[PDB]
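Asker: Sequence first, structure after; it's an experimental one.
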Amino acid sequence: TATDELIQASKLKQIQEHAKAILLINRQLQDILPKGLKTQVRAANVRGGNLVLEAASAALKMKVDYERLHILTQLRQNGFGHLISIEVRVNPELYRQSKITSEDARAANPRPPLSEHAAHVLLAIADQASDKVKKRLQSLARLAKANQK
Amino acid sequence: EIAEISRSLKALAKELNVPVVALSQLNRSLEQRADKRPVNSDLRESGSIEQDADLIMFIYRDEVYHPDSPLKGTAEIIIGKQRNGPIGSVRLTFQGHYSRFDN
């Protein structure tokens, strides 16, 4: 299917570009991080010289912040010389790849409040409409909120 | 029952001197074959409506069966039966977003 053929190639391109680097960092973090932090802290994104780490809780973020310089130094020694800064965020059960899959084809932010323009056109039609339709058009135009200036 | 409905609609068309368009579903057996375009035999299995129809038109979309078809957005209208004209096929632009066929 066309949808399926368009999928894998895009995923592979992302891995070639930067997901592989994230995976390598995640592998390195397992060696760098101490005992109970290895499974609770992961690399989420890499952009230019900035690395974004995610901690399961704010308390864990503090522990990561304590060793942040150690992590950055070791990543550079292992070939990530481009990394110069680390941002630590708190992420609970929120699924990284699943969020990407769910909101991939353009940000879906629906903003449907009615415009004063629509109310004006509804009233313009109401002038030519029969009494029954005129009342419904005026009712819809009354429902149209704007109040600009 | 379907044969009587088809006969009654043809009688209605003659009575009022008006074209009567009736929509029909193709038989499920066609999906088992899925190798060629729809034919009159696909409708005969559902009430022998062919005998009463003056014009039979089939709708075929290659993109539905083959998403990688080069005919994406094109629907083929197949003339399966015609009393006052030729049989053949017409390609139309199918715009699903607008629920419209264009020439």
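Answerer: Great, that's in hand. Residues are numbered from 1 along each chain as shown, chains lettered A, B, ... in the order given.

Asker: from here on, contacts and neighbour counts on C-alpha atoms
Answerer: OK.

Asker: As a check, name the ranges of all helices in the chain.
Answerer: No chain was given, so I picked chain A. A:2-14, A:20-32, A:58-66, A:68-77, A:96-102, A:116-126, A:131-143 (DSSP state H).

Asker: think we crossed wires, I meant chain B
Answerer: B:2-16, B:29-33, B:41-44, B:62-65.

Asker: Would you reformat those helices as TSV and include mean neighbour count and distance to residue A:137?
Answerer: Shown next, in TSV, are the helices of chain B (neighbours: other CA atoms under 10 Å in any protein chain shown; distance: least, CA to CA, whole Å):
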stretch	mean neighbour count	distance to residue A:137
helix B:2-16	14	39
helix B:29-33	11	48
helix B:41-44	15	47
helix B:62-65	15	41
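
Asker: For chain A, find the nearest of those.
Answerer: helix B:62-65 (9.5 Å; CA to the nearest CA).

Asker: show me the contacts for residue B:12.
Answerer: residue B:20 (CA atoms under 8 Å, 6 or more residues apart in numbering or on different chains).

Asker: if I look at it, how far off is residue B:57?
Answerer: Noted for residue B:12: a distance of 20 Å to residue B:57, by CA to CA, to the nearest Å.

Asker: do residue A:145 as well
Answerer: From residue A:145 over to residue B:57 (counting by CA to CA), the distance is 49 Å.

Asker: So those two - more neighbours on which side?
Answerer: residue B:57 (19 against 13; other CA atoms under 10 Å in any protein chain shown).

Asker: That one is in contact with residue B:79, isn't it?
Answerer: Yes - with contact defined as CA atoms under 8 Å, residue B:57 counts as touching residue B:79 (4.7 Å).

Asker: With mean neighbour count and distance to residue B:102 as extra columns, can I get the helices of chain A in CSV?
Answerer: CSV is the format used below for the helices of chain A (neighbours: other CA under 10 Å; distance: least, CA to CA, whole Å):
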stretch, mean neighbour count, distance to residue B:102
helix A:2-14, 11, 24
helix A:20-32, 16, 47
helix A:58-66, 15, 59
helix A:68-77, 15, 60
helix A:96-102, 10, 34
helix A:116-126, 16, 29
helix A:131-143, 15, 32
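
Asker: And the ones you listed: which comes nearest residue B:47?
Answerer: Smallest distance to residue B:47 across those (CA to CA): 36.8 Å, for helix A:2-14.

Asker: so that closest one versus helix A:20-32, what angle?
Answerer: 60 degrees (axes from the mean of the first three to the mean of the last three CA atoms, to 10 degrees).

Asker: In CSV, list the C-alpha atoms belonging to helix A:2-14.
Answerer: C-alpha atoms of helix A:2-14 as CSV (Å, rounded to 0.1, in the frame of the first residue of the first chain):
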residue,chain,number,x,y,z
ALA,A,2,1.1,3.6,-0.9
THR,A,3,0.8,4.5,2.8
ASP,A,4,3.1,1.7,3.8
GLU,A,5,5.7,2.4,1.1
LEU,A,6,5.9,6.0,2.3
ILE,A,7,6.4,4.9,5.9
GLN,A,8,9.7,2.8,6.2
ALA,A,9,11.8,5.0,3.9
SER,A,10,11.0,8.0,6.1
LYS,A,11,11.8,6.1,9.3
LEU,A,12,15.1,4.8,7.9
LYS,A,13,16.0,8.3,6.8
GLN,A,14,15.4,9.6,10.4
